[PDB]
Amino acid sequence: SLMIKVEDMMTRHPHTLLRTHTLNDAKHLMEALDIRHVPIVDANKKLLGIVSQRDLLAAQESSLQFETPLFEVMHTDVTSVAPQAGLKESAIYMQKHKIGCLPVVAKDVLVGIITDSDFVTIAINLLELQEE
């Protein structure tokens, strides 16, 4: 039994946006950092939702028929986890429920995110261990 917790492998201090910032802002932020998930938070860093590249692409495609506020784009259903959660359990949850990115929250405050990028890092460290 490995005791790895979500907080041990999550991306800490993720870049976030206010709900009144726009699709265009989230697009730009995603391009600048080459990321695909931007949590939406209030002034006290409390998680309100999250937008993915897929969300932005679907809104843009659905418009061909940039200024939309993020609160209109983000899904009203929000999945999150606590930082003390076990890593294997949380990954299995993400797998089973087809969740690509899982925000990590403590007392409503966003403390981190789990993304595919975090699993790459952890796969590398495990393979390195297996080699050693």
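Residue numbers run from 1 along the displayed sequence.
- Count the deposited residues lacking coordinates between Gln65 and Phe66 and you get 4 to 9 of them.
- A summary of the deposited B-factors shows that, of 47-55 and 67-75, the stretch with the larger mean C-alpha value is 67-75.
- When 56-64 is weighed against 24-32, 56-64 comes out higher, by mean CA B-factor as recorded in the entry.
- In this PDB entry, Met94 carries a Cα temperature factor that places it within the lowest third of its chain's modelled residues.
- Among all modelled residues in this chain, the alpha-carbon of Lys88 has a temperature factor (C-alpha) in the middle third.
- In the PDB entry, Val120 places in the lowest third of its chain by CA B-factor.
- Per the deposited record, the Cα B-factor of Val109 falls in the highest third when ranked against the other modelled residues of its chain.
- When the CA B factors of the chain's modelled residues are split into thirds, the value for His15 lands in the middle one.
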